[PDB]
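As structure tokens, the structure follows; a few thoughts come after it.
Protein chains in written order, with the deposited numbering: chain D, 449 to 501; chain D', 449 to 501. A prime marks a further copy of an entry chain.
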């Protein structure tokens, strides 16, 4: 949808309070869309027999 | 005379009103020319006797 807003990387400094976050710790949030299984295909056949309608 | 315009085939959809014609019904018009009997031969003999007329 938006790879820029789906994957975010923050340091531990911008997640934890002031002077509490530790250096070298990162927080990666990834909002991805995996393939789905595919459960049912509801097919609705509608035979058309008329030519002038 | 014209075999294309003498033999015409229409579906029932292009003959009946909208959504009224039934599928699988055809209308064949054939305007043919049958042999005629042959009733009389009016023969008109005209003997010609002159050479310079």
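We put the CB at the ideal spot given by N, CA and C, even for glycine.
Check your understanding: Can you give the Cα-Cα distance for residue 451/D and residue 466/D, rounded to whole angstroms?
Key -> Each residue's alpha carbon lies about 29 angstroms from the other.
Exercise for review: Would you kindly work out how many angstroms separate the C-alpha atoms of residue 499/D and residue 479/D', rounded to a whole number?
Suggested key: One C-alpha to the other measures close to 26 angstroms.
Check your understanding: Per DSSP, residue 478/D' is paired with what?
Key -> The partner list for residue 478/D' (beta bridge, DSSP) reads 455/D'.
Check your understanding: If we cut at 8 angstroms on Cβ distances, does residue 469/D' have a partner in chain D?
Key -> By this cut-off, residue 469/D' is an interface position.
Practice item. Can you say whether residue 474/D is buried or exposed, counting buried as having 16 or more other CB atoms within 10 angstroms of its CB? Key: By the 16-neighbour rule on beta-carbons within 10 angstroms, residue 474/D is exposed.
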